[PDB]
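Notes follow once the structure below has been shown.
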Amino acid sequence: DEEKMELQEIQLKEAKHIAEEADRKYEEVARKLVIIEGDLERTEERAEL
Amino acid sequence: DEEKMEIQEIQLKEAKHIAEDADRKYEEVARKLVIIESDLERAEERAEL
């Protein structure tokens, strides 16, 4: 039991890095979109003007 | 030690669920960004005309 719980502990640490690295990409592409639709606002407004 | 065991693999399932869901929430954003970017180019040509 001691041996394979140590194994599960290192597996848990690896899974934690994988999850954090996965979340970073989404939190960056969200910021990219946030810039994008504001650019869309200003281009459309220039068009009506 | 068996108590510690059960805590460990239930945390493993929960972490794997989170890591699986995050990538789907990510991959929707790519097609949304592509579509809105095409619309932005469309509006830009509208304004230049």
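Following the order of the structure tokens, first chain is A, next is B, and so on, with residues numbered from 1 inside each chain and ligands from 1 in the order they appear.
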
Please build the interface table for chain B against chain A with a cut-off of 9 Å, listing for each qualifying residue the nearest atom pair and the distance in Å to one decimal; count only C-alpha atoms, order rows by chain and increasing number, and write it as CSV.
```
residue,atom,partner,partner_atom,distance
B:1,CA,A:1,CA,6.7
B:2,CA,A:1,CA,7.1
B:4,CA,A:5,CA,7.9
B:5,CA,A:5,CA,6.2
B:8,CA,A:8,CA,6.9
B:9,CA,A:8,CA,7.5
B:11,CA,A:12,CA,8.1
B:12,CA,A:12,CA,6.3
B:15,CA,A:15,CA,7.0
B:16,CA,A:15,CA,7.4
B:18,CA,A:19,CA,7.3
B:19,CA,A:19,CA,5.0
B:20,CA,A:19,CA,8.6
B:22,CA,A:23,CA,6.6
B:23,CA,A:22,CA,6.9
B:25,CA,A:26,CA,7.8
B:26,CA,A:26,CA,5.3
B:27,CA,A:26,CA,8.6
B:29,CA,A:29,CA,7.6
B:30,CA,A:29,CA,8.2
B:32,CA,A:33,CA,8.8
B:33,CA,A:33,CA,6.4
B:36,CA,A:37,CA,7.5
B:37,CA,A:36,CA,7.3
B:39,CA,A:40,CA,8.1
B:40,CA,A:40,CA,5.4
B:41,CA,A:40,CA,8.8
B:43,CA,A:44,CA,6.0
B:44,CA,A:43,CA,6.0
B:46,CA,A:47,CA,6.5
B:47,CA,A:47,CA,4.2
B:48,CA,A:47,CA,7.8
B:49,CA,A:47,CA,8.8
```

Dump of N, CA and C atoms for the selected residues, as an mmCIF file, in the first residue's frame:
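Writing the result to again30.cif gives the following:
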```cif
data_model
loop_
_atom_site.group_PDB
_atom_site.id
_atom_site.type_symbol
_atom_site.label_atom_id
_atom_site.label_comp_id
_atom_site.auth_asym_id
_atom_site.auth_seq_id
_atom_site.Cartn_x
_atom_site.Cartn_y
_atom_site.Cartn_z
ATOM 1 N N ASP B 1 -3.653 3.666 5.896
ATOM 2 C CA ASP B 1 -3.033 3.818 4.593
ATOM 3 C C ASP B 1 -4.063 3.589 3.486
ATOM 4 N N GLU B 2 -5.020 2.687 3.731
ATOM 5 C CA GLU B 2 -6.100 2.453 2.771
ATOM 6 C C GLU B 2 -7.038 3.659 2.661
ATOM 7 N N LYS B 4 -5.998 6.766 2.985
ATOM 8 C CA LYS B 4 -5.212 7.663 2.139
ATOM 9 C C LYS B 4 -5.317 7.264 0.670
ATOM 10 N N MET B 5 -5.307 5.951 0.413
ATOM 11 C CA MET B 5 -5.509 5.413 -0.929
ATOM 12 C C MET B 5 -6.771 5.960 -1.575
ATOM 13 N N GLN B 8 -6.809 9.415 -2.585
ATOM 14 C CA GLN B 8 -5.954 9.691 -3.736
ATOM 15 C C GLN B 8 -6.647 9.385 -5.067
ATOM 16 N N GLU B 9 -7.258 8.198 -5.233
ATOM 17 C CA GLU B 9 -7.786 7.970 -6.589
ATOM 18 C C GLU B 9 -9.101 8.716 -6.831
ATOM 19 N N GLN B 11 -9.483 11.832 -5.943
ATOM 20 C CA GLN B 11 -8.939 13.096 -6.436
ATOM 21 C C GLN B 11 -8.421 12.957 -7.867
ATOM 22 N N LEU B 12 -7.879 11.783 -8.210
ATOM 23 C CA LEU B 12 -7.417 11.545 -9.581
ATOM 24 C C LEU B 12 -8.558 11.594 -10.596
ATOM 25 N N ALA B 15 -9.647 15.309 -10.990
ATOM 26 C CA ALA B 15 -8.689 16.074 -11.782
ATOM 27 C C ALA B 15 -8.775 15.719 -13.262
ATOM 28 N N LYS B 16 -8.957 14.431 -13.577
ATOM 29 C CA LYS B 16 -9.056 14.035 -14.979
ATOM 30 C C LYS B 16 -10.332 14.574 -15.622
ATOM 31 N N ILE B 18 -11.750 17.452 -14.800
ATOM 32 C CA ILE B 18 -11.509 18.876 -15.043
ATOM 33 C C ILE B 18 -10.634 19.071 -16.279
ATOM 34 N N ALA B 19 -9.580 18.257 -16.407
ATOM 35 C CA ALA B 19 -8.676 18.370 -17.549
ATOM 36 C C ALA B 19 -9.379 18.029 -18.858
ATOM 37 N N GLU B 20 -10.319 17.080 -18.824
ATOM 38 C CA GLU B 20 -11.062 16.739 -20.034
ATOM 39 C C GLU B 20 -12.018 17.859 -20.437
ATOM 40 N N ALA B 22 -11.884 21.096 -19.732
ATOM 41 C CA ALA B 22 -11.221 22.351 -20.083
ATOM 42 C C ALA B 22 -10.864 22.409 -21.563
ATOM 43 N N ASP B 23 -10.450 21.280 -22.142
ATOM 44 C CA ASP B 23 -10.043 21.279 -23.544
ATOM 45 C C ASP B 23 -11.232 21.470 -24.479
ATOM 46 N N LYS B 25 -14.029 23.220 -23.675
ATOM 47 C CA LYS B 25 -14.291 24.651 -23.534
ATOM 48 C C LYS B 25 -13.269 25.477 -24.307
ATOM 49 N N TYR B 26 -12.043 24.965 -24.430
ATOM 50 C CA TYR B 26 -11.036 25.616 -25.260
ATOM 51 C C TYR B 26 -11.358 25.506 -26.749
ATOM 52 N N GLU B 27 -11.723 24.312 -27.227
ATOM 53 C CA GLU B 27 -11.746 24.101 -28.674
ATOM 54 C C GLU B 27 -12.961 24.762 -29.311
ATOM 55 N N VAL B 29 -13.708 27.780 -28.672
ATOM 56 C CA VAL B 29 -13.262 29.160 -28.817
ATOM 57 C C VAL B 29 -12.541 29.366 -30.146
ATOM 58 N N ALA B 30 -11.856 28.330 -30.643
ATOM 59 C CA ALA B 30 -11.119 28.454 -31.900
ATOM 60 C C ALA B 30 -12.050 28.731 -33.079
ATOM 61 N N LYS B 32 -15.142 29.828 -32.880
ATOM 62 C CA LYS B 32 -15.792 31.118 -32.650
ATOM 63 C C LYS B 32 -14.900 32.277 -33.094
ATOM 64 N N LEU B 33 -13.605 32.197 -32.770
ATOM 65 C CA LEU B 33 -12.655 33.240 -33.142
ATOM 66 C C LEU B 33 -12.492 33.329 -34.653
ATOM 67 N N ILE B 36 -15.687 35.055 -36.114
ATOM 68 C CA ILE B 36 -15.787 36.485 -35.823
ATOM 69 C C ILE B 36 -14.685 37.267 -36.543
ATOM 70 N N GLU B 37 -13.528 36.636 -36.769
ATOM 71 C CA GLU B 37 -12.442 37.291 -37.495
ATOM 72 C C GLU B 37 -12.791 37.475 -38.972
ATOM 73 N N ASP B 39 -15.864 37.841 -40.066
ATOM 74 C CA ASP B 39 -16.840 38.930 -40.066
ATOM 75 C C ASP B 39 -16.164 40.293 -39.911
ATOM 76 N N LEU B 40 -15.076 40.352 -39.136
ATOM 77 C CA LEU B 40 -14.353 41.611 -38.964
ATOM 78 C C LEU B 40 -13.713 42.075 -40.272
ATOM 79 N N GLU B 41 -13.110 41.147 -41.026
ATOM 80 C CA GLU B 41 -12.555 41.505 -42.337
ATOM 81 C C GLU B 41 -13.647 42.017 -43.280
ATOM 82 N N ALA B 43 -16.500 43.523 -42.429
ATOM 83 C CA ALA B 43 -16.867 44.884 -42.027
ATOM 84 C C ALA B 43 -15.805 45.909 -42.432
ATOM 85 N N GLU B 44 -14.526 45.519 -42.380
ATOM 86 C CA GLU B 44 -13.454 46.425 -42.791
ATOM 87 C C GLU B 44 -13.594 46.826 -44.256
ATOM 88 N N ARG B 46 -16.360 46.812 -45.958
ATOM 89 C CA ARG B 46 -17.559 47.659 -45.991
ATOM 90 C C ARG B 46 -17.196 49.131 -45.744
ATOM 91 N N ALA B 47 -16.415 49.374 -44.683
ATOM 92 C CA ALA B 47 -16.026 50.736 -44.317
ATOM 93 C C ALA B 47 -15.136 51.387 -45.378
ATOM 94 N N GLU B 48 -14.188 50.628 -45.944
ATOM 95 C CA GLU B 48 -13.323 51.210 -46.975
ATOM 96 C C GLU B 48 -14.112 51.608 -48.217
ATOM 97 N N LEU B 49 -15.101 50.790 -48.604
ATOM 98 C CA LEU B 49 -15.955 51.156 -49.732
ATOM 99 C C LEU B 49 -16.652 52.488 -49.481
#
```
